[PDB]
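S.K.: Before anything else, here's the structure in question.
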Amino acid sequence: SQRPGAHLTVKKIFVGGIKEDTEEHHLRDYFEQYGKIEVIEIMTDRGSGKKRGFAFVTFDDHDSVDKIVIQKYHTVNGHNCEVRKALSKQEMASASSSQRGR
RNA sequence: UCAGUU
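Mapping of the first sequence onto the entry's author numbering: position 79 corresponds to residue 173, and the numbering continues sequentially without gaps.
Put into structure tokens, the structure is as follows:
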């Protein structure tokens with residue numbers, strides 16, 4: 095558990111572990127309590143065009159995300175899913191490769 | 001379905 099760019103301000107959160115059929119309205123309905131949401135990115139598969147397994151929630155502000163990204167498992171729709179800072183697939187490669195320990 | 005075609 096590194097917290098992807100914890101010192102960095104983020105404006106989109108990653109929703110994983112969604113075993114229940116969760117969509118845009120579900121996520122927004124929960125995360126709106128934290129702050130102003132921009133869009134809910136239900137990231138479909140770029141091959142078949144299906145619910146690939148994960149989604150993102152874009153916020154208009156990077157403070158609204160802070161109350162969220164600090165906690166991992168959030169209960170949305172009634173299911174307790176995993177929420178973390180949504181780092182780009184570009185960044186997630188570099189950040190994972192440069193995973194440092196002391 | 002736990003990452004935006006890593």
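All C-beta atoms in this analysis are idealised placements derived from N, C-alpha and C, irrespective of residue type, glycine included.
With three or more C-beta pairs closer than 8 Å as the rule, is the stretch 186-194 touching the stretch 109-126?
M.R.: Not touching, per the Cβ criterion.
S.K.: Determine the direct distance from the alpha carbon of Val177 to that of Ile131, and round the result to whole angstroms.
M.R.: As a first step, residue 131 must be located in the first sequence, where it is residue number 37. As a first step, residue 177 must be located in the first sequence, where it is residue number 83. Their Cα atoms are separated by approximately 15 Å.
S.K.: Residue 202 bridges to which residues according to DSSP?
M.R.: With the chain running from 95 to 196 in the structure shown, residue 202 is simply not present.
S.K.: Can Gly111 and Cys175 be called in contact, C-beta distance under 7 Å?
M.R.: The residue given as residue 111 occupies position 17 in the first sequence. The residue given as residue 175 occupies position 81 in the first sequence. Cβ atoms of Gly111 and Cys175: closer than 7 Å.
S.K.: Applying the criterion that 16 or more other CB atoms from any shown protein chain within 10 Å of the CB defines a buried residue, is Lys161 buried or exposed?
M.R.: What you label residue 161 is simply residue 67 of the first sequence in a count that begins at 1. By the 10 Å Cβ count, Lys161 comes out exposed.
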